[PDB]
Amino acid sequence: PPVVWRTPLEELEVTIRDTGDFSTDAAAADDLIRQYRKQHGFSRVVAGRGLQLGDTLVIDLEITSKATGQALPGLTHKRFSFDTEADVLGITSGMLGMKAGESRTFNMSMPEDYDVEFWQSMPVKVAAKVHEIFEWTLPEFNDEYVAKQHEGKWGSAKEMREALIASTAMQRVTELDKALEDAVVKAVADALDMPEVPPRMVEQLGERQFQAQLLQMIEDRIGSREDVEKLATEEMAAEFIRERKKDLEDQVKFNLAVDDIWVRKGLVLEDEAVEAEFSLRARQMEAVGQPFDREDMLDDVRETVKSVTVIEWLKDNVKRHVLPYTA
């Protein structure tokens, strides 16, 4: 129960990289402008050539777990429309050169930033059949295009570019705030003498995270409730916990460390904050029609609210070093 601070909490520092600069935002705005224009683009069936970056297409898609052969819900479709240049999946690289009629099975890691948290970095097999391929010429980007096609939003080509640059730069700011939370959490985890993290505590947290992400899937309607509950297998749950063992141990060290700091810095739980987090958790559990132990939820709601309060504290009294972006 007593925590051993190898490196003191007073001499504790995080370091994070800025994740872009002006020329990165401008590039990204230019790519958003291209996607707006492609909604007003001219299309033609491609012939005597295979799929290239820039094309759009219609495909049969089937994406399955490598470990379990389970189909990822949301990602089986007979006539999926798809732009190579707005590719949330990363399936483009593995499809270049395909032609109408051709099929392909190929291995891939799901993206690390995928919206559906369950599937981040998961090794996956993609089966794809291409029904048809389309290429595009875009209208020129000038004030006339802006006035004809996005009127009332922007009064100029310049206005639109500036708007989209600001929005991309505002997104780096909130991504960076998140990397700070993660760095501050990895800081405390790393600044502890604990050669072995209590191992039921890693499994228990693995299991809670597993459930929280299955629930996020049902409430965000990213696949049928019956399909999502078909991935709630022991095999899937094993695979999830193992492929995050390091992340889960760091997270337990932090939770134990959070229990130390709470006494040391004399922090006080506000009952209104615990009841706000509990009711939020209880709504979720109702909408998905599932029972829970009130007391066990309460230990978990209390763990989460403390964690939120110690992260806020660390954020405003830990030594920040922000490194800058480089090519």
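All residue numbers are counted from 1 along the displayed sequence.
Visitor: Of the two stretches 304-312 and 8-16, which shows the higher Cα B-factor on average in the entry?
Guide: Mean CA B-factor is higher for 8-16.
Visitor: Return whichever of 139-147 and 242-250 has the greater mean Cα B factor according to the PDB record.
Guide: The deposited B-factors put 242-250 ahead on the C-alpha mean.
Visitor: Can you tell me which of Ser81, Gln120, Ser224, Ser93 has the maximum CA B-factor listed in the PDB entry?
Guide: Top of the list by C-alpha B-factor: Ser224.
Visitor: From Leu57, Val274, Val45, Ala287, which pick has the Cα B-factor that tops the rest in the entry?
Guide: Spelled out: the listed residue with the top C-alpha B-factor is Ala287.
Visitor: Among the chain's modelled residues, which third holds the C-alpha B-factor of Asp299?
Guide: Ranked within chain, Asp299 CA B lands in the middle tercile.
Visitor: Sorting the chain's CA B-factors, does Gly41 end up in the lowest, middle or highest third?
Guide: Answer is lowest: the recorded C-alpha B-factor places it there.
Visitor: For the chain shown, is the CA B-factor of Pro73 in the lowest, middle or highest third of its modelled residues?
Guide: Highest third, going by the recorded CA B-factors of the chain.
Visitor: Taking the entry's C-alpha B-factors for this chain, is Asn255 in the lowest, middle or highest third?
Guide: Highest third - that is where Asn255 ends up once the chain's C-alpha B-factors are sorted.
Visitor: Based on the entry's values, in what third of the chain does the Cα temperature factor of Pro199 lie: lowest, middle or highest?
Guide: For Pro199, the deposited C-alpha B-factor lands in the highest third.
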